[PDB]
Amino acid sequence: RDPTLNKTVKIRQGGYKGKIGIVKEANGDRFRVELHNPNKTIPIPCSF
Amino acid sequence: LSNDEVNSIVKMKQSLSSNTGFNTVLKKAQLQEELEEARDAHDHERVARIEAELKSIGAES
Amino acid sequence: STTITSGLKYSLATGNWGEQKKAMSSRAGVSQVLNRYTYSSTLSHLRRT
Amino acid sequence: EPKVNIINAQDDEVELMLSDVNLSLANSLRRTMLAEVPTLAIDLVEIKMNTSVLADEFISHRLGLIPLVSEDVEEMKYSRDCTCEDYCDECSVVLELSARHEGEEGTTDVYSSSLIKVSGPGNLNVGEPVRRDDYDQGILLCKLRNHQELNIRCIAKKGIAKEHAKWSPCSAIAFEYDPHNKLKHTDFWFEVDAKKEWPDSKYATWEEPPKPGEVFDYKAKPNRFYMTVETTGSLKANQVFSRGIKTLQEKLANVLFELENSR
Amino acid sequence: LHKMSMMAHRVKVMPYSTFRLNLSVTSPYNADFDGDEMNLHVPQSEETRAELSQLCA
Amino acid sequence: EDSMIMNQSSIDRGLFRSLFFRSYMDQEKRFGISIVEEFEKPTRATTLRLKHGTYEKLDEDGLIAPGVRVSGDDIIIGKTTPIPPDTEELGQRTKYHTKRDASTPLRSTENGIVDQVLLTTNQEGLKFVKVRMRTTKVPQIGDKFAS
Amino acid sequence: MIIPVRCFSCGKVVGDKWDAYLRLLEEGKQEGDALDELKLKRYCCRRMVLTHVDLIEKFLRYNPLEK
Amino acid sequence: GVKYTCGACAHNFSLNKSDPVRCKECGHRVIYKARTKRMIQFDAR
Amino acid sequence: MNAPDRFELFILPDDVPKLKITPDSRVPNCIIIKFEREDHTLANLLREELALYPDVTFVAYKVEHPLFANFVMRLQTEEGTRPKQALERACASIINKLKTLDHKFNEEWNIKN
Amino acid sequence: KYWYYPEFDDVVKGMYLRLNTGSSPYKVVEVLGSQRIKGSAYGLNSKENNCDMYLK
RNA sequence: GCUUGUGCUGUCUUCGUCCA
Ligand SMILES: [Mg+2]
Ligand SMILES: [Zn+2]
Ligand SMILES: [Zn+2]
Ligand SMILES: [Zn+2]
């Protein structure tokens, strides 16, 4: 259990900068965040 | 609120209702049903009054 | 009144054009869900035999 | 050795003739101007209220296609190359639209002139939506009746037409060479006579028609190329041509740098 | 209809959601690209992979 | 072989782009004099047999709100039915199960935005909900066209 | 539904010429002459304005759902 | 706690999971949930 | 669902080099160059510039698949010259041509305005 | 929100609320009761907010 | 001191898709 599951998040670095998302899966640093407009889920490190 | 209390409040505001498009359409439909009932009953006096009332209510834009 | 009401409602809802207990060996597909994918399809479904 | 001759010149279209260049160079210039010149376009839309009859993604798509002024977009940075947190003034432009219909009758039109620039790079001429005149209303975005309101906040970013066609500075580039078909690069379909069944090119009077007794010249190559560049208003035609040349030079210099660094 | 309706191919992972075929194999499958669909079966063993690669290729 | 090539720039500018709507329906069933299903947000303590999807997108009334993003399997309608409690009256202060989950998940292959949520009452008199989901479908390799 | 912003084939901005087109048709100009006046030369752009159906006018006749 | 909207007169109100599903003023039997408050973002493509 | 990101056509990954050169041992003095995140725009330009050089005996390119943004070039030169030097000369020559073309265009635009 | 309740007549009785004198220094008044007046419909908050309740 | 939950009906009918 991480305190960041099912919470609104924003991406600050990389090719998806400034996109609003929701954290769905968080095992080891590679948070899985669904994107509000593109109907897809992408992996991303917690640093971003 | 209960169902009876809500219906009483709705009837009270309907009495207060000066005009509302949905309610005017419903009233015009009910008047049309009453008019066809009067026509099918061969009542030549009621139908004139219903036609006059519909003419007064109608003529929309 | 439930006899006529339920019979008409069942026959129009399921398409079996007979009594509900007599559904076996009865005409089916007399009533179908209206097609609404496009306007022309609705017209065609309304003029079908 | 290469020569340029300009036939007609305008803010939004230039018609020129290229000579003493290779066909590949002219085609690469056309492709670069079509797909690789950077401009500014809306990329993120935050919708605070939308009670119109149009879906949110419908309006977002329409907003993406609005051409914005991109004159100083070379000094801006790419969003993925900016070290800033979220969006800053050096990699984005923020526009805001707020529309509403007042009264209980009639319909209100929402035009692209209603977009107001709120923030952007300091003293750079970027961000404002393009307008033909001062009294022009612009592109129709939506229509509103009573009690319907639209309130959005848009973010304009820098990009190229390879990622999405909304970033293309050009609409259509006419391109043509050899109007009299002396190089025999095409074989004309006909029923009776090819000469009178095919319309003459618009540059047919710019070149001498071949003599009847002339024989085919197998040593010739395409030499003169006619092209018209039409822009959407985000950039001027000369700006598009110069930036296409610059983009091609930068790509070649990057190749040369990779080659020298390979050692 | 015949044994050339099932043949063993080699996998190439590609983007987009369609299966991709060389056009010369469309005749034994009697297939065209106007809406047809085809099935794919994955072997689960070394012996079964060898059978596919040496008999049904 | 009847394939066609489409212009990607035309697709980007809006050629053959389309809107897709799907509606879901659910209602409270009556099983007995006092046995009624309830629209509510389930909890792992009081409710038994939950699903693998998420429940954080539901509101207090058990219904999702329009404008929210939904992925496959996510729960859009929360419904529970009562169940005669087990011997958990041996002592479970707030974590004894009395309900079974009967929620409606989104289809696993679909995702979109919630467009409109309808709440009303059926002919009998129990609650009745309809949720409509909206998404945009852009043409891609493998889509069917005809003249 | 509503006039597209860009031409599908080439991307010329045609979304600012719908009201002028309706004005020109009101004045009595033919459709081809009206399209010529708006400087739409390529038939790809002429198709966009000539074949557009304005469905938003029908959608706006339903009463708003929020006030 | 949760906002609604009437399907006929577009009136806003609230319910506490105990009132009948009805409009307060015109008594329509059809009501709609209000739009959420979470941030909504699109990619304009 | 399976659609790749559009920025992958031109954005170079960190672990993927822009340029990979391998020799072609079948014939003497030939190399195979693999260009990443490039297409016909650079390929055709370089090919038809190199094809006019007297010391270049073979030059060609191919884009293997349109769904992947890369092309591969084959280049063969004379004994005296090395193919990489010919490629550098071609790049410099096209840069010079574009420079004078831009100069003349600016001159003519200033004249006509 | 609550004027149409049947119990609102007894609820509002005896309450103290700020009142616009009009003739404006706001003052406090004591509610001696309420009386419905038919034909005296007035806009309460908006144009559609018709109300017949009156406070004595 | 605080720890993440682990799955699905049946039977008919109709309308469709690709071959034939
Ligand atoms: Mg077929
Ligand atoms: Zn920045
Ligand atoms: Zn066009
Ligand atoms: Zn109402």
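Residue numbers (the numbering used here), protein chains in the order written: chain A, 89 to 136; chain B, 29 to 89; chain C, 893 to 941; chain D, 2 to 264; chain E, 370 to 426; chain F, 14 to 160; chain G, 13 to 79; chain H, 409 to 453; chain I, 4 to 116; chain J, 15 to 70.
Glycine is no exception: its CB is placed at the ideal position from the N, C-alpha and C atoms.
- Task: With a floor of 3 residues, list each beta strand (DSSP E) that falls wholly inside the stretch 81 to 105 of chain F, ordered by position along the chain.
- Result: For the stretch 81 to 105 of chain F, whole beta strand (DSSP E) runs of length 3 or above, ordered along the chain, are 88 to 90 and 92 to 95.
- Message: I want to verify the contact list: residues of chain B whose CB lies under 8 Å from the CB of H:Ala416, in sequence order.
- Response: Correct list: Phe50.
- Task: Please work out which residues of its chain come closer than 8 Å, Cβ to Cβ, to I:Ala46, disregarding the five sequence neighbours upstream and downstream, and give them in chain order.
- Result: So the qualifying residues of the chain are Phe38, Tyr64, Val66, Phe74 and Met76.
- Query: Would you call the stretch 41 to 61 of chain D and the stretch 185 to 196 of chain D in contact, with 3 or more CB pairs under 8 Å?
  - Reply: Not touching, per the Cβ criterion.
- Quick one: residues in its chain with C-beta nearer than 8 Å to the C-beta of G:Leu37, no 5 flanking neighbours on either side, listed in chain order? Only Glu43 and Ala46 meet the Cβ criterion.
- Task: Please indicate yes or no: does the CB of F:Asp156 lie closer than 7 Å to some heavy atom of ligand 1?
- Result: Between ligand 1 and the CB of F:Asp156, the shortest heavy atom gap is not smaller than 7 Å.
- Would you mind reading off the limits of the alpha helix (DSSP H) that contains I:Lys115? In this chain, the alpha helix (DSSP H) harbouring I:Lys115 covers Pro86 to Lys115.
- Message: So, does the stretch 228 to 238 of chain D touch the stretch 6 to 13 of chain D, judging by three or more C-beta pairs under 8 Å?
- Response: Contact between the stretch 228 to 238 of chain D and the stretch 6 to 13 of chain D is present, because at least three Cβ pairs lie under 8 Å.
- Message: At a CB distance below 9 Å, what residues from the stretch 437 to 450 of chain H approach chain F? Give them in sequence order.
- Response: Taking 9 Å as the Cβ-Cβ cut-off against chain F, the residues of the stretch 437 to 450 of chain H that qualify are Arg437, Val438, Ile439, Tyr440, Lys441, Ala442, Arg443, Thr444, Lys445, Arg446 and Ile448.
- Task: For F:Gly155, count neighbouring C-beta atoms within 10 Å of its own C-beta (all shown protein chains included) and say buried if the count is 16 or more, exposed if not.
- Result: By the neighbour-count criterion, in which 16 or more other beta carbons inside 10 Å mark a residue as buried, F:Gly155 falls on the exposed side.
- Item | I:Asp8 burial status per 10 Å Cβ neighbour count (16 or more: buried) | Burial check for I:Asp8: the Cβ neighbour count within 10 Å stays below 16, so the residue is exposed.
- Return the chain-ordered list of same chain residues with a C-beta closer than 8 Å to the C-beta of D:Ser120, the five sequence neighbours on each side being excluded. Excluding residues within five positions, the ones whose Cβ falls inside 8 Å are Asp90, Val94 and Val95.
- Task: Write down the C-beta distance between F:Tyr109 and F:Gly91 rounded to the nearest angstrom, noting that I regard them as a contact closer than 8 Å.
- Result: At roughly 20 Å, the Cβ-Cβ gap does not stay under 8 Å, so F:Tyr109 and F:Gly91 are not in contact.
- Query: Any heavy atom of ligand 3 closer than 7 Å to the CB of G:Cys22?
  - Reply: G:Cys22 Cβ: within cutoff of ligand 3.
- Provide the residue span of the beta strand (DSSP E) that contains D:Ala100, from first to last. According to the DSSP assignment, D:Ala100 belongs to the beta strand (DSSP E) that extends over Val94 to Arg101.
- Query: By DSSP, does D:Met228 sit in helix, in strand, or in coil?
  - Reply: In this structure, D:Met228 counts as strand in the three-state DSSP scheme.
- Task: Report the three-state DSSP secondary structure of B:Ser43 (helix, strand or coil).
- Result: In this structure, DSSP gives B:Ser43 a helical state, which the three-state scheme calls helix.
- Item | Under 8 Å by beta carbon: chain H residues contacting B:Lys41 | Near B:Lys41 (Cβ distances below 8 Å), the residues of chain H are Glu433 and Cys434.
- Message: Just to check my reading of the structure: D:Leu184 and D:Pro223 have Cβ atoms closer than 8 Å, yes? What is that Cβ distance to the nearest angstrom?
- Response: Yes, D:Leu184 and D:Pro223 are in contact; Cβ-Cβ is about 6 Å, under 8 Å.
- Hey, is C:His937 close to ligand 4, as in C-beta under 7 Å from one of its heavy atoms? No, the Cβ of C:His937 stays beyond 7 Å of every heavy atom of ligand 4.
- Query: Relative to ligand 4, what is the chain-ordered list of residues with a Cβ closer than 6 Å to any of its non-hydrogen atoms?
  - Reply: Result: H:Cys414, H:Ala416, H:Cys417, H:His419, H:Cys431, H:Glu433, H:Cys434 and H:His436.
- Message: Can you confirm whether G:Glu38, when its beta carbon is compared against all beta carbons of chain D, has any partner nearer than 8 Å?
- Response: No, no contact with chain D.
- Query: Any beta-carbon of chain I closer than 8 Å to the one on residue 326 of chain E?
  - Reply: Nothing about residue 326 of chain E can be read from this structure; chain E reaches only from 370 to 426.
- Message: If the criterion is Cβ atoms closer than 8 Å, does the pair F:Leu61 and F:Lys112 meet it?
- Response: The beta carbons of F:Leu61 and F:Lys112 sit closer together than 8 Å.
- Just the chain D side, please: which residues come within less than 9 Å of I:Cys94 by C-beta, in chain order? Per Cβ cutoff of 9 Å: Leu253, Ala254, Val256, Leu257 and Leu260.
- Query: Alpha carbon to alpha carbon, what distance is there between F:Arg57 and F:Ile88?
  - Reply: Rounded to whole angstroms, the separation of the alpha carbons of F:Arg57 and F:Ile88 is 14 Å.
- Taking the C-alpha atoms as reference points, what is the distance between I:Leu55 and I:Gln79? One C-alpha to the other measures close to 13 Å.
- Item | Where D:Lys144 meets chain F, residues with beta-carbon distance less than 7 Å | Near D:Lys144 there are no residues of chain F at all, since even the closest Cβ is about 18 Å away, more than 7 Å.
- Query: Going by the beta-carbon positions, is the gap between F:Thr93 and F:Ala115 smaller than 8 Å?
  - Reply: Yes, the Cβ-Cβ distance between F:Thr93 and F:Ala115 is below 8 Å.
- Message: What would DSSP say about F:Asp128, mapped onto helix, strand or coil?
- Response: In this structure, F:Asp128 counts as strand in the three-state DSSP scheme.
- Hey, would you say the C-beta of E:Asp403 is under 7 Å away from at least one heavy atom of ligand 1? Yes, Cβ of E:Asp403 sits closer than 7 Å to a heavy atom of ligand 1.
- Going along chain J, which residues have a C-beta under 7 Å from B:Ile37? Residues of chain J passing the Cβ test: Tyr18.
- Message: In the DSSP assignment, the alpha helix (DSSP H) including D:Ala42 goes from what residue to what residue?
- Response: It is not in any alpha helix (DSSP H) - D:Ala42 instead sits in the beta strand (DSSP E) that spans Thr40 to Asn51.
- Message: For I:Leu70, would you say it is in contact with chain D, using Cβ-to-Cβ distances shorter than 8 Å as the test?
- Response: For I:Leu70, the answer is no, since every Cβ of chain D falls outside 8 Å of its Cβ.
- Item | Euclidean distance between Cα positions of H:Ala442 and F:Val130 | Computed Cα separation, rounded: 8 Å.
- Query: How about D:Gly245 and D:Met77: are their beta carbons less than 8 Å apart?
  - Reply: Judged by beta-carbon spacing, D:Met77 lies beyond the 8 Å limit of D:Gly245, meaning their Cβ atoms are not closer than that value.
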